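1. what's the 3D shape of this:
(chains A, B, C and D)
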Protein chains: 4
Amino acid sequence: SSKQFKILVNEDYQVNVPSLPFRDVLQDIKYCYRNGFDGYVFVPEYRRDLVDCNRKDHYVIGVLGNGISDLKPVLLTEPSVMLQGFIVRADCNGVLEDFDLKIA
Amino acid sequence: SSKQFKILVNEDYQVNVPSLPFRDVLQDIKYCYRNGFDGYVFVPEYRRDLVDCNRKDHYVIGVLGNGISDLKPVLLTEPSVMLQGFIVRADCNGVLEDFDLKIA
Amino acid sequence: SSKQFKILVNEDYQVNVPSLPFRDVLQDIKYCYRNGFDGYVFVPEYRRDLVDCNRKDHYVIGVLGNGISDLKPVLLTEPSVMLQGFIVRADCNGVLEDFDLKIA
Amino acid sequence: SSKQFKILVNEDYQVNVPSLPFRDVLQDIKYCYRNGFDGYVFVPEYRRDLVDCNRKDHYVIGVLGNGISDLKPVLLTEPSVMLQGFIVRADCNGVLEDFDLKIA
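-> Numbers count the residues shown, from 1 in each chain, chains lettered A, B, ... in the order given. Pasting the structure now:
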């Protein structure tokens, strides 16, 4: 029903990340659910000002919900109180942490 | 390293809940990690207004962190940006949801 | 399915209103859906400051949702972005307005 | 006095939408009030970040007021506390919901 992943958590580094059309992010979420999140970092919602992006009308991976989190494409302006953070393509340093995630 | 639990999520009902000395909540967390959370509900932090308690100076079970969550005694006024919600003893209804938790 | 109602809208007057247990507000919602809202006023969420009650752990009628609104018991601290306002027992002045409502 | 409509509600998808001179939106509101809102979506005000347009000095259909809502041309910058959302021409999916609307 869900899967555990190790993901690098970025709470310190300003990053400029790629965004993609909705259907592309759906596909990349499915890829990462199968293969893991190497090449991505998790930015907690409370550090969202670390994330810059050139096409903010396009999407990044969102992590949403209570408990085991759902993954779905979101804008960086996503205002839901259930937003945990974003999983974005970046090569900065951080702290590897354990997540438990499912596809929305 | 962690354990999955099904916990009733309460986002609708006001609950008056017991708080306890810090050391007692530590023991209650261990018991619940072993035996499950029947009779408790998870109240997300954005609905902290739902939760009231007798002893402002005593603690409830806090759910903290990014990813798989840590369990630790917290005050109901805990301001940490890492606070996900509370697990409190209450008899109200809710929605059963999956959690992945570890002892802090 | 839903019903249209004329309801006095209060955007100006401070009101002290009764709050009730959840089950009681459910019954009051059903009564008002059958018989109308005379004796109540609608306070829009943007003037929620106008409403006070002596039991802040008890409920009033909430008006929520997009389009035809749902009616359900809420606390005066209800933070949902879907909250339109409250329907509360009060005898103040206001502007009579047309609503379209259904029971949640 | 008013009419009920089924309208696709969009809370998920970024939409680049046409904006028009004020007088043209007046006429489009009249047409849609007669013929329905097929091809349009309702974006709630709390997801106004989803909507972009080319001419930010030109207008879209605004949904305003307490209760049965008024339809009136607005800018996407519309600051009124009575703004419920926008009805905009867009291709995306959504959730069909019932509305009760009148022309301002």
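2. partner residues bridging the residue nearest the centre of chain A?
-> Using Cα atoms, centre = their mean, the residue of chain A that lies closest to the mean C-alpha position is residue A:87, 1.6 Å off. Bridge pairing for residue A:87 (DSSP bridges) gives the partners residue A:42, residue A:61.
3. surely it meets residue A:38?
-> No: assessed by Cβ atoms under 8 Å, residue A:87 is found out of contact with residue A:38, at 11.5 Å. C-beta: built from backbone N, CA, C; applies to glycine.
4. so who does the residue nearest to the centre of chain A touch?
-> Residues near residue A:87 by Cβ atoms under 8 Å, 6 or more residues apart in numbering or on different chains: A:7, A:32, A:37, A:40, A:41, A:42, A:43, A:60, A:61, A:62, A:63, A:71.
5. out of those residues, which is most surrounded?
-> Neighbour counts for the contacts of residue A:87 (other Cβ atoms under 10 Å in any protein chain shown) peak at residue A:43, which has 28 neighbours.
6. in which helix or strand does residue A:100 reside?
-> Element membership for residue A:100, per DSSP states H and E: strand A:95-103.
7. and residue A:24, how far from chain C?
-> Separation of residue A:24 from chain C (Cβ to the nearest Cβ, to the nearest Å) stands at 28 Å.
8. so how far is the helix or strand hosting that residue from its chain's centroid?
-> Assessed by DSSP H and E, residue A:24 sits inside helix A:22-35. Centroid separation for helix A:22-35 versus its chain: 11 Å, with Cα atoms, centre = their mean, to the nearest Å.
9. now swap in stretch A:33-52 and tell me
-> That offset, for stretch A:33-52, works out to 4 Å (Cα atoms, centre = their mean).
10. what's the first-to-last distance across it?
-> Length of stretch A:33-52, first residue to last, Cα to Cα, to the nearest Å: 24 Å.
11. for stretch A:59-69, same thing?
-> 18 Å.
12. which bits of chain A sit near chain D?
-> Applying Cβ under 8 Å from any Cβ of the partner chain, we find that chain A lies next to chain D at A:22, A:57, A:58, A:59, A:75, A:77, A:78, A:79.
13. surely residue A:3 touches residue A:98?
-> No: using Cβ under 8 Å, residue A:3 makes no contact with residue A:98, being 11.2 Å away.
14. just give the closest residue to residue A:2, not the sequence neighbours.
-> Counting by Cβ to Cβ, 6 or more residues apart in numbering or on different chains, the nearest residue to residue A:2 once its immediate chain neighbours are dropped is residue A:102, at 4.0 Å.
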